[PDB]
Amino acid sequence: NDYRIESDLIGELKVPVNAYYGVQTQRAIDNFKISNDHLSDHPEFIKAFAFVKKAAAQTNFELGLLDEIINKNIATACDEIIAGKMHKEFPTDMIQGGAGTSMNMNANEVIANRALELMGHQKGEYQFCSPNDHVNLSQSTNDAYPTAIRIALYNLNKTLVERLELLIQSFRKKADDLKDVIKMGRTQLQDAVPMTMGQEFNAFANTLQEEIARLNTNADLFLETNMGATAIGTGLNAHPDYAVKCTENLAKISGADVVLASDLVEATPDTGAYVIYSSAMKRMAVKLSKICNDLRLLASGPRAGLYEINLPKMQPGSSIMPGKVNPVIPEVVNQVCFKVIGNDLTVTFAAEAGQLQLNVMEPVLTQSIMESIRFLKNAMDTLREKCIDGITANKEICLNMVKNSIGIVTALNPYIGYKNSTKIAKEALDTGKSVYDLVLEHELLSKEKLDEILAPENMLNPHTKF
């Protein structure tokens, strides 16, 4: 009553009477109880499956292999799923065995049952629309599933880049706010030469801007797809025109410029695109983490630190230390970046585990990439909104570090040479006397020329000799 009985290769099984999924999905629900992450939590992934199934059905219809009415109803069911309906009917664990077969069959069963309803039949009456013979016609998991992954990740990358662009813009705006803050550059954490905080924050923006092209060019690799490979890449049970026509139909339906891999036998076990895209995310996370490490260091203080900048105060720092406020927003970003790096290692193991004509470890690989994308979007939005936008500088503290530095002696090299500048630098360190006073003390340069050479505003760019 509350169930219907379905059957497959394994035998008979009860399915909830109103479920749009069928017996093979039910088995996968039962078999893989690993995580709290399920396909229903990934709307772009479900949408991509619906794109794939709509394209395959349209191609089968155009090639004379699928009845016009069944195609019409598969397309309507796919349109509904694309529009956001029935996603609760996709309940399997993102960490699952079977190499994606359980997700492909989940799509086949849900679409078949909705198409049956549109034909005036009841769920489970697969004699009128078969998950295998109609919704999966001319397909395998081993092309439909990776093609769905690739379109989903291509689309998710668009959203990752969008949040990255907003973060970049936040750094550029803050660089303009801070453009007149002269401060001391540091290399190896030792005093170097002067710079502006505008230069430093524009450098944050510009190194992150480089990641746009890295993320986009590697996500473009996902557009090479293998529809028509069927089981292992030979195209067994596909029509000679199907691979090209299905790929063209899929490009039009999805709006992604998918193209057909030139060797489908090569493509079917190929996980390289996922590896290098995960690596591009790792590269960006390494840069983001470094930037956050810099921010926590420059905000150190208030009395025993560098104290060049102030981060927005978002919560009390300490249960015991009164008045303390900690850089909690860069800290949570660092932690996300470490998770991304670890997830990238998971991807590497999964990719290296492929065997012969298929890699069966793509579920955890996809789960890890999608988790990294989600966490990175959230970390970047948090960093932008609750930290970068409201940063201020301690301008006088920074300027006094420059005025009292020895490193400005570097600007004298073109005039007195490195040996003589070193003599001045050593004496400044040993005695505490200023570089400026020592140069005049030793009568190395006129005051008029020295005033130009040691002006901090004159050390921010290359210049001809004064």
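Residues carry their position along the shown sequence, with the first being 1.
* Asked: 89-97 versus 177-185: which one carries the higher mean Cα B factor per the record?
  -> Averaged over C-alpha atoms, the B-factors run higher in 177-185.
* Read off the CA B-factors in the entry, average them over 20-28 and over 5-13, and name the higher stretch. => Mean C-alpha B-factor is greater for 5-13.
* Out of 162, 220, 125, 248, which one has a C-alpha B factor higher than all the others in the entry? -> The C-alpha B-factor peaks, among 162, 220, 125, 248, at 125.
* **Largest Cα B-factor, entry values, listed residues 34, 416, 57, 39** => Spelled out: the listed residue with the top C-alpha B-factor is 416.
* To do: Divide the modelled residues of the chain into thirds by Cα B-factor and specify which third, lowest, middle or highest, holds residue 146.
  => Lowest third.
* To do: Compare the C-alpha B factor of residue 424 with those of the other modelled residues in its chain, then answer lowest, middle or highest third.
  => Tercile = highest for this residue's CA B-factor.
* Asked: Based on the entry's values, in what third of the chain does the Cα temperature factor of residue 311 lie: lowest, middle or highest?
  -> Middle third.
* To do: Divide the modelled residues of the chain into thirds by Cα B-factor and specify which third, lowest, middle or highest, holds residue 354.
  => Within its chain, residue 354 is a lowest-third residue by C-alpha B-factor, going by the deposited values.
* Asked: Thinking about Cα B factors across the chain, which third does residue 75 belong to?
  -> Answer is highest: the recorded C-alpha B-factor places it there.
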